[PDB]
2 protein chains.
Amino acid sequence: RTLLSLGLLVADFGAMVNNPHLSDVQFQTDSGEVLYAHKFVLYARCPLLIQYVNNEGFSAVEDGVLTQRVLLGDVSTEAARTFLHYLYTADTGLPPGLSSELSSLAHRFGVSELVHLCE
Amino acid sequence: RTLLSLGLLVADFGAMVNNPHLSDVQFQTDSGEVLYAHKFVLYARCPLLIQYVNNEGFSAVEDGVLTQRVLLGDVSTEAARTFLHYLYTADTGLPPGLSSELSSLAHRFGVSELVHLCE
């Protein structure tokens with residue numbers, strides 16, 4: 001069954017969402033909350049988001065280790081997290097209370113399938 | 001359709017297989033060929049493989065950038081690549097000419113679903 005194998009893959013990557021381990025990029029929302037992400041995923045799945053990181057980010061050093069942090073304005077921490085979740089897992093079961101915020105994000109960062117789903 | 005979204009995710013990660021971009025680990029087979037990999041995936045999908053990397057790897061610096069290289073003995077470059085492909089994409093359509101080599105790898109690194117498929 002490829003569905004079993006795929007189901008395991010989705011759970012595996014889902015466990016990396018907002019996971020500081022191996023994180024080389026951080027998004028900071030308007031609340032001041034930091035969300036951990038991985039360039040591996042951003043680059044593979046969202047060329048425009050990784051360019052935004054490379055263009056508007058700034059370096060931050062914690063414990064002698066350097067990371068890129070990016071401000072991610074005018075969006076709820078919850079929407080930003082759901083967006084990242086979609087990139088890591090392709091999960092389309094997303095809370096409609098967020099559909100409008102997710103759609104702005106998907107449009108800004110060229111995630112067409114997601115604009116489709118957010119109607 | 002979650003299947004469309006998932007199909008896109010699988011193609012996206014599939015394009016990272018043996019892709020030097022963002023690579024922080026390399027496997028060297030008996031032929032002397034180097035395969036590029038990403039700890040993000042290994043850690044998310046194969047705890048035993050990432051431990052083997054951390055335990056038996058050695059550091060190599062190219063262009064002032066440091067990577068971990070690991071010898072991956074007694075296996076064909078093609079099998080090693082298919083193994084990595086499975087970790088990145090969960091693809092179960094794997095060439096039976098390799099099933100025996102993949103099974104040794106899956107068993108060594110605790111990928112149970114894959115031992116199942118290799119019969």
Side-chain angles (χ1 to χ4, degrees), chain A residues 9 11-61 63-73 75-89 105 109, chain B residues 12-13 15-28 34-61 63-72 84 87-88 109:
Chain A
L9 173 145
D12 286 342
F13 287 143
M16 298 302 285
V17 180
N18 194 26
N19 185 333
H21 189 71
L22 283 166
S23 187
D24 44 10
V25 50
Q26 294 172 7
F27 298 98
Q28 183 179 121
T29 65
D30 287 3
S31 66
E33 296 170 272
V34 174
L35 291 163
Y36 296 93
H38 307 74
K39 288 186 175 180
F40 176 84
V41 173
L42 308 190
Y43 176 84
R45 300 230 63 220
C46 198
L48 285 180
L49 182 48
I50 199 60
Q51 287 170 213
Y52 179 74
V53 168
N54 291 335
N55 292 347
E56 300 306 325
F58 59 91
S59 62
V61 41
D63 302 310
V65 355
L66 211 76
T67 309
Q68 293 304 295
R69 182 167 311 156
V70 204
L71 300 188
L72 197 57
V75 73
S76 72
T77 302
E78 305 82 66
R81 201 231 175 242
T82 303
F83 187 59
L84 291 169
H85 184 73
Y86 177 79
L87 299 181
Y88 283 54
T89 68
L105 279 170
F109 297 115
Chain B
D12 286 342
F13 287 143
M16 298 302 285
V17 180
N18 194 26
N19 185 333
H21 189 71
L22 283 166
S23 187
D24 44 10
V25 50
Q26 294 172 7
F27 298 98
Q28 183 179 121
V34 174
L35 291 163
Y36 296 93
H38 307 74
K39 288 186 175 180
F40 176 84
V41 173
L42 308 190
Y43 176 84
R45 300 230 63 220
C46 198
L48 285 180
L49 182 48
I50 199 60
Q51 287 170 213
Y52 179 74
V53 168
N54 291 335
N55 292 347
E56 300 306 325
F58 59 91
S59 62
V61 41
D63 302 310
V65 355
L66 211 76
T67 309
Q68 293 304 295
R69 182 167 311 156
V70 204
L71 300 188
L72 197 57
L84 291 169
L87 299 181
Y88 283 54
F109 297 115

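Per chain, numbering begins at 1; letters A, B, ... match sequence-line order. Just so it is clear, the values below take in all heavy atoms, side chains as well, and ignore hydrogens, waters and symmetry mates.
The OG1 atom of A/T67 sits 5.0 Å away from atom CD of A/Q26, with the distance rounded to the nearest 0.5 Å. The OH atom of B/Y43 lies 6.0 Å from the CG atom of A/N19; values are rounded to the nearest 0.5 Å. Taking SG of A/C46 as the start and OH of A/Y86 as the end, the distance is 10.0 Å to the nearest 0.5 Å.
Contact detail for B/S59 and B/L66: the closest heavy-atom pair is CB-CD2, 3.9 Å. Nearest approach of A/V25 to A/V70, heavy atoms of both residues: CG2-CG2, 4.3 Å. The minimum heavy-atom distance between A/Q68 and A/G57, with the atom names listed, is OE1-C, 4.0 Å.
The closest side-chain heavy-atom distance from A/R81 to A/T29 is not below 4.5 Å. Proximity of B/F27 to B/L49: side-chain heavy atoms (C-beta onward) are separated by under 4.5 Å at one or more points. The side-chain heavy atoms of A/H38 and B/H38, taken from C-beta on, include no pair separated by under 4.5 Å. Counting only heavy atoms from C-beta outward, the side chains of A/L42 and A/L84 approach each other to under 4.5 Å.
In terms of modelled atom types and a separation under 3.5 Å, the side chain of A/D63 and the main chain of A/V65 share no donor-acceptor contact. A side-chain donor-acceptor contact under 3.5 Å links A/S23 to the backbone of A/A37.
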(request) Take A/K39 and A/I50, measure what side-chain contact (heavy atoms from CB on, under 4.5 Å) needs, and give me the verdict at the end. (result) CA-CA 7 Å; A/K39 288 186 175 180; A/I50 199 60; 3.8 Å; yes
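By the ring pair (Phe, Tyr, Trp, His ring centres under 6.0 Å) test, A/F13 pairs with B/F13, B/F40, sequence neighbours left out. In terms of the ring pair (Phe, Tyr, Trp, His ring centres under 6.0 Å) criterion, A/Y36 has no residue partners (sequence neighbours excluded).
Sorted by first and then second residue, the salt bridge (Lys or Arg N to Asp or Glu O under 4.0 Å) pairs involving residues 12-28 of chain A (not counting sequence neighbours) are A/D12-B/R45.
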